[PDB]
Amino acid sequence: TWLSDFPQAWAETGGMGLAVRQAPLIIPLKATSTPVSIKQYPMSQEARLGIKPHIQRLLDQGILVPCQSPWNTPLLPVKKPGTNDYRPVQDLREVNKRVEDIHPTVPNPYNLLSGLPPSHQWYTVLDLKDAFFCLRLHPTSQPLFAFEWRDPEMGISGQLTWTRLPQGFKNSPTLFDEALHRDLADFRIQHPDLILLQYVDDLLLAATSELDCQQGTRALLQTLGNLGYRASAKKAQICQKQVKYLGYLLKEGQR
């Protein structure tokens, strides 16, 4: 009854997230950066119709809001199967080139895994849902990510932008990874015996016994939930001695 005891921790029963302890992000620009406004390539009705629902939902969630900005990057329509179902993908390369670089602190999967003793054989793997969106963007940095949105006939002014850390931004993974490390610091202190691996939105909890794991998984879910993050119940691999994590198959302490 996991999806029952921690309703607030699951993306399916807790609604979209928001990292309440994290201050709104300010994105510093390179010293010589000036706004770049790139035209929106015309978009076929089919693509637009495929994308519209996502846009509306994001507007309803306040993740997207209207705006007028000297910045503008293309919105691209991408399909998955072979022709159906679309999803909005923004080309932020021209923006990324104008943002000041930061040191990449996200460890590579290989080194991240080396810190997993053969002693902890019980695993609980969690995937955070819409991780980036949980981090708010400061009003001053929001304009930076604007894009044009046209609705068939009756459509909002023109530009929309994000109020949360967006997909496609070169520093999102790193900024999220550091934010979550700050939010789970105390938790690591209350569970000295537990092993916690973080790779952006992919989490691995390791325990010595199936029980410690159970108690660990509960405390983690409860902590993530109260902090404003959401884990995916559908993918959640709880208290297993074998799990899939970052492309590896963990079992008996191998890989």
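Basically, rigid core = biggest C-alpha set you can superpose within 1.5 Å across the two forms. Residues carry their position along the shown sequence, with the first being 1.
Please pick 41 to 49 or 220 to 228, whichever has its Cα atoms farther from the shown form in 9 other deposited structures of this protein after a rigid core fit. It is 41 to 49 whose C-alphas lie farther from the shown form in 9 other deposited structures of this protein.
Core-aligned Cα RMS comparison in 9 other deposited structures of this protein - stretch that moves more, 108 to 116 or 123 to 131: Of 123 to 131 and 108 to 116, the stretch deviating more in 9 other deposited structures of this protein is 108 to 116.
In at least a third of the other compared PDB entries, does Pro152 have no coordinates? No, modelled in all of them.
Coordinates for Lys80 lacking in at least a third of the other PDB entries compared? That residue is missing from at least a third of the other compared entries.
Select between 183 to 191 and 211 to 219 the stretch whose C-alpha atoms have the higher average B-factor in the entry. Comparing 183 to 191 with 211 to 219, the higher average CA B-factor belongs to 211 to 219.
235 to 243 versus 13 to 21: which one carries the higher mean Cα B factor per the record? Between 235 to 243 and 13 to 21, it is 235 to 243 that shows the higher mean C-alpha B-factor.
By the CA temperature factor listed in this entry, which of these ranks top: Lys97, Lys129, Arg164, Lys79? Checking the PDB record, the top C-alpha B-factor among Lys97, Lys129, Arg164, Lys79 is at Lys79.
Among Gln159, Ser119, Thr140, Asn108 - the residue whose C-alpha B-factor is largest in the record: The C-alpha B-factor peaks, among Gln159, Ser119, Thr140, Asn108, at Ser119.
Once the chain's modelled residues are ordered by C-alpha B factor and cut into thirds, is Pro104 in the lowest, middle or highest one? Its C-alpha B-factor, which the entry lists for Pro104, ranks in the middle third among residues of this chain.
Relative C-alpha B-factor of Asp85, binned into the chain's lowest, middle or highest third: Its C-alpha B-factor belongs to the highest third of this chain's values.
Among the modelled residues of this chain, does the Cα B factor of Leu175 put it in the lowest, middle or highest third? Within its chain, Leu175 is a lowest-third residue by C-alpha B-factor, going by the deposited values.
Would the CA B-factor of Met154 place it in the lowest, middle or highest third of its chain? Within its chain, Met154 is a highest-third residue by C-alpha B-factor, going by the deposited values.
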